[PDB]
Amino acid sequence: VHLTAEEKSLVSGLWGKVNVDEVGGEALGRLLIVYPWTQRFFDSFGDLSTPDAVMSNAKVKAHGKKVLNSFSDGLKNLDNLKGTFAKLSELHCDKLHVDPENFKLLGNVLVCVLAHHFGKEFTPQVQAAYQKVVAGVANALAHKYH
């Protein structure tokens, strides 16, 4: 995905302030609550039966941190997202059978979490830039499905 210099700065400025221990787990947790069919893929994660169980789930937090780091990899490789996520695209398709629509959902949930954390700092301009990023990541993870 192509971001202008301005868009890149808006993204990077916010991303450096992100709590890397919490944001990913909160994004994954919200995905599992707002779009509860996504829980199907996480049988080995234990209790997901209530919002509180999801948000206190240690494995969700730990896996969320890995997902967030993977987003960080995308931010460092915006001009080669397909190459960065090809192995992960293979995993989600062939082994996990995750429908590609869900990648868009997680991207938008992450945006909601960023908004939640940063408040007024998460301006419409900052959001617009992040939407290009998450759409790029979702497209890259869906590439090996086609």
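All residue numbers refer to positions in the sequence shown, first residue = 1.
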query: Which of 96 to 104 and 76 to 84 has higher mean CA B factor, as the PDB entry lists it; finding: 76 to 84
query: Between 12 to 20 and 122 to 130 (mean CA B-factor, as deposited), the higher; finding: 12 to 20
query: CA B-factor placement of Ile33, once the chain's modelled residues are sorted into thirds; finding: lowest
query: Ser89 - Cα temperature factor, lowest/middle/highest third of chain; finding: highest
query: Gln39 CA temperature factor, ranked by third within the chain; finding: lowest
